[PDB]
Each structure stands twice: as C-alpha cells, then as structure tokens.
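Notes follow once the structure below has been shown.
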Amino acid sequence: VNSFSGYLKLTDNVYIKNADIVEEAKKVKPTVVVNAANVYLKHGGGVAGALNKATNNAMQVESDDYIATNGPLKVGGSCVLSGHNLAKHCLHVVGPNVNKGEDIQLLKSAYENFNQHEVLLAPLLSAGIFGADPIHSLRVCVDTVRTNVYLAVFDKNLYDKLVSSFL
Ligand SMILES: O=c1[nH]c(=O)c2nc[nH]c2[nH]1
C-alpha cells in the first residue's frame with residue numbers, strides 16, 4: 001500500500017490523475033518526484049519552473065552547482081538530486097524537446113530512467129512546452145516503465161482526453 005489517492009489505474013503499474021504535480025508532491029511527499037528537466041537544469045517554465053518556484057529557488061541553486069561540477073545531462077538522461085520540501089529525491093529527467101528539434105525516439109530512453117526507482121510521482125515526459133503529443137507520451141510510458149508510476153496531468157481537458165483515448 002502507498003499514500004497516492006484518487007488515481008485511475010491504467011495498467012498493472014501505471015496510474016493517472018488530474019492534478020498539479022506541485023500540490024500532489026506537497027501533500028504526498030513521495031520518495032521520488034520527477035522533474036521535466038532540460039540538459040542545463042535551467043528550471044524556467046512548465047514542470048521545472050513550477051517545481052523550482054515551490055522550492056523557493058533552492059532546486060535551481062542545487063542544480064547550478066550540479067552542472068558546474070558535472071556538465072550538462074544528455075537528452076534521454078537523468079540525475080538524482082534533492083527533493084527539497086517536495087519529496088525525498090527529485091529525479092531530473094530530460095525528455096526530447098520537439099520545439100528544439102530533438103529525436104522523439106529518445107522519449108523511450110527518458111522513461112527508462114524511471115525503472116531505477118520502485119515508485120515515482122511524475123509528469124508526462126516531453127508533454128506541455130516540450131512539444132510532444134501527450135497521448136504518445138502516455139503510450140511510451142506504459143510500454144517502457146515497469147515500476148509504479150503515478151502520473152499527475154495538470155490540464156483537466158487533457159486528462160479526460162488521455163483517459164478516454166487510452167488503449
Ligand atoms: O504548474 C504545473 N505545471 C505543469 O506543467 C504541470 N504538469 C503537471 N503538473 C504541473 N504543474
């Protein structure tokens with residue numbers, strides 16, 4: 001048993017809810033919250049801007065030190081950092097950004113990072129301002145992630161479309 005509430009079960013391991021990933025993290029304090037990161041860990045907008053704002057910029061301060069030491073992530077890659085006030089850990093995952101020309105085939109590699117964690121609270125990778133089709137992102141999630149993933153879809157209208165169209 002875990003503390004996630006009000007999710008619709010899609011598969012053996014994937015759950016979905018119309019919820020802000022921020023408010024959900026604050027309520028649940030999951031072991032792992034996923035950030036929709038970029039390779040620079042510059043948390044300006046979308047999931048990254050909202051999560052970072054909720055940490056009072058501490059996420060950005062930690063991230064800048066990580067990049068200064070390690071250099072940029074790979075598209076499709078990840079790193080584990082603090083979850084600050086939101087979670088034990090934040091898994092910063094870089095899905096391809098279609099609005100920058102990145103290979104959508106990298107979305108499967110991005111979701112493979114989730115398999116290193118038994119349970120996660122996550123957004124749909126490469127959705128929103130990353131420009132991918134969220135229906136596609138949910139299909140890759142279901143077909144790639146084998147650990148237990150709780151998906152927080154911000155947009156009520158999109159949530160209903162994702163559920164209604166789910167195969
Ligand atoms: O503020 C937010 N922005 C988002 O893009 C998002 N996705 C899930 N939950 C979210 N909250």
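By order in the structure tokens, chains are A, B, ...; within a chain, residues start at 1; ligands start at 1, following the order shown.
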Close residues, segment 28-39 of chain A itself excluded, 9 Å, only C-alpha atoms, min 4 positions apart in chain, as an NGL selection string: :A and (3-5 or 21 or 23-24 or 43 or 46-48 or 51 or 71-75 or 77-78 or 83 or 85-97 or 114 or 117 or 119-127 or 130)
If we count only C-alpha atoms, what is near residue 111 of chain A at a cut-off of 9 Å, once residues fewer than 4 positions away on the same chain are taken out, given as a list in words?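 Listing them by chain and then by number gives residues 76, 93, 95, 106, 107, 115, 125, 140, 141, 144 and 145 of chain A.
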If you measure from atom 3 (N, counted along the ligand's line) of ligand 1 to atom CA of residue 161 of chain A, what distance in Å do you get, rounded to one decimal?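 For atom 3 (N, counted along the ligand's line) of ligand 1 relative to atom CA of residue 161 of chain A, the distance reads 17.7 Å.
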Using backbone DSSP assignments, extract all helix (DSSP H, G or I) residues from segment 7-155 of chain A; output them as a ChimeraX atom specification. /A:21-28,46-54,58-70,98-100,106-116,128-130,134-144
Tell me which of A:59, A:152, A:68, A:142 sits closest to ligand 1, counting only C-alpha atoms and all ligand atoms.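 Closest to ligand 1 of all the choices is A:152.
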Option closest in space to ligand 1, from A:160, A:155, A:64, A:118 [counting only C-alpha atoms and all ligand atoms]: A:155
Ranking A:80, A:1, A:19, A:41 by minimum distance to residue 65 of chain A and counting only C-alpha atoms, which one comes first?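 Nearest candidate to residue 65 of chain A out of A:80, A:1, A:19, A:41: A:41.
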